[PDB]
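**Student:** Any chance you can model this:
(one chain, ligands or ions: 4)
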Amino acid sequence: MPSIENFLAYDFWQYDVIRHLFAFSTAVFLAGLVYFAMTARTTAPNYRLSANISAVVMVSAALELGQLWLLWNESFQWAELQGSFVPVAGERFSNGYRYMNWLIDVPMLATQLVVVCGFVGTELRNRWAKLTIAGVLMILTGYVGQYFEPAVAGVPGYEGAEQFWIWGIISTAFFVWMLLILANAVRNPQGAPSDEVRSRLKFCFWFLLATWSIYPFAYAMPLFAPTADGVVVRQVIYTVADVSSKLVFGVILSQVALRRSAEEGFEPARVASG
Ligand SMILES: CCCCCCCCCCCCO[C@@H]1O[C@H](CO)[C@@H](O[C@H]2O[C@H](CO)[C@@H](O)[C@H](O)[C@H]2O)[C@H](O)[C@H]1O
Ligand SMILES: CCCCCCCCCCCCO[C@@H]1O[C@H](CO)[C@@H](O[C@H]2O[C@H](CO)[C@@H](O)[C@H](O)[C@H]2O)[C@H](O)[C@H]1O
Ligand SMILES: CCCCCCCCCCCCO[C@@H]1O[C@H](CO)[C@@H](O[C@H]2O[C@H](CO)[C@@H](O)[C@H](O)[C@H]2O)[C@H](O)[C@H]1O
Ligand SMILES: *C/C=C(C)/C=C/C=C(C)/C=C/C1=C(C)CCCC1(C)C
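**Tutor:** Residues are numbered from 1 along each chain as shown. Ligands and ions are numbered 1, 2, ... in the order given. This is the structure:
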């Protein structure tokens, strides 16, 4: 079944805002990529994998929010007689472009925190092989329950609203579990860090927990408000949870990594940062 976007008529502002936020978190992911590729030579070689990953999750999200921008632009056309952007009769818009490119981001947003915490070799690969299982078994489960939007929302003719709940609870069951490996790789850092860079990991973890709980709120939105200004609101909180969980989180992590690479002894990070 299509999304709940194609069953509604969007006014001028209700459509312009949504395409504007699709262009905004692409002009920002094509700027974060250039920033993360320009000051990736500052972190020490030990924690430069965390800066390379940060440059990967920006190129792998620019094509995620720019291929959805095109899909949003060609799916809807203005209709002056009505006064709204009615859906076109040939193309159907689906937000599932996000959940297919969340397979490159959900793993490589905790793999770059397990790296910053100081985990090397087997201790990092084993903890990556669990997060990359918890992140492709939670997103591939929330991606099955995404297809029952018009059924949970109440569109007449569409049935199967129970699957929206069923395939949504077996996604927060892995989202909670992934936090249990992210909070045992952050409460136990390696390399004997100082008490101030040990309290910044226990901030980068809460900044990852508090931006990953906006996605359960922005999917279950057709349950609550399946309207034009419940789609406008849901593409606001999937961008305030995008530019603040792939960009702000990466920049915050690039400072706690620079603090380790300025107390271990690296000079290009000890001169350019404290
Ligand atoms: C939109 C693309 C991304 C834009 C990100 C903008 C970040 C700057 C916003 C203000 C943050 C204030 O905090 C400031 O952060 C910058 C960047 O992390 C740090 O800057 C330090 O680390 C960065 C990243 O390795 C180096 O390029 C820089 O030479 C160095 O000074 C400062 O030491 C810190 O004081
Ligand atoms: C879309 C591609 C994204 C690629 C991101 C890959 C990250 C996932 C790695 C999982 C764990 C494997 O084990 C870990 O691998 C990384 C990368 O190979 C190694 O990392 C090492 O090699 C890489 C590549 O030469 C260097 O950039 C890095 O500075 C260095 O530490 C670690 O020493 C190892 O402990
Ligand atoms: C829209 C344009 C693109 C985005 C540009 C903006 C990016 C900004 C990134 C930098 C954010 C500021 O950097 C982050 O600030 C918070 C402020 O509470 C600091 O956190 C600080 O306060 C907390 C809360 O008391 C303490 O637990 C922590 O020890 C302390 O360092 C983080 O250690 C630092 O990493
Ligand atoms: C940049 C990519 C990010 C931050 C990915 C975040 C992913 C999630 C938090 C997904 C979790 C989900 C649930 C907890 C319930 C079902 C819906 C999901 C799949 C969006």
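
**Student:** For the residue nearest to the spatial centre of the chain, list the residues it contacts.
**Tutor:** Residue closest to the mean C-alpha point of the chain, counted by CA atoms, centre = their mean, is residue 242 at 5.0 Å. By CB atoms under 8 Å, 6 or more residues apart in numbering, residue 242 lies in contact with 25, 61, 65. Placement of C-beta: from N, CA and C, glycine included.

**Student:** Return the member of these nearest to ligand 3.
**Tutor:** residue 25 (9.2 Å; CB to the nearest ligand atom).

**Student:** thinking the closest one is in contact with residue 245, fair?
**Tutor:** No - using CB atoms under 8 Å as the test, residue 25 is too far from residue 245 to be in contact (10.9 Å).

**Student:** neighbour count winner among these two?
**Tutor:** residue 25 (25 against 21; other CB atoms under 10 Å).

**Student:** so which strand or helix has that one?
**Tutor:** In this structure, residue 25 sits in helix 12-27 according to DSSP states H and E.

**Student:** right, and the helix or strand after that helix?
**Tutor:** Following helix 12-27 in sequence, per DSSP H and E, is helix 29-38.

**Student:** What is that following helix packed up against?
**Tutor:** helix 49-75, helix 248-260 (3 or more CB pairs under 8 Å, 6 or more residues apart in numbering; DSSP states H and E).

**Student:** C-alpha coordinates for the helix or strand just after the longest one, CSV please?
**Tutor:** So that's helix 49-75. Per DSSP H and E, the first helix or strand lying C-terminal to helix 49-75 is strand 76-79. Only the C-alpha atoms of strand 76-79 are listed here, as CSV (Å, rounded to 0.1, in the frame of the first residue of the first chain):
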residue,chain,number,x,y,z
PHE,A,76,2.2,16.1,-6.8
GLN,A,77,1.0,18.8,-9.2
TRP,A,78,-0.8,22.1,-8.7
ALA,A,79,-4.5,22.4,-9.6
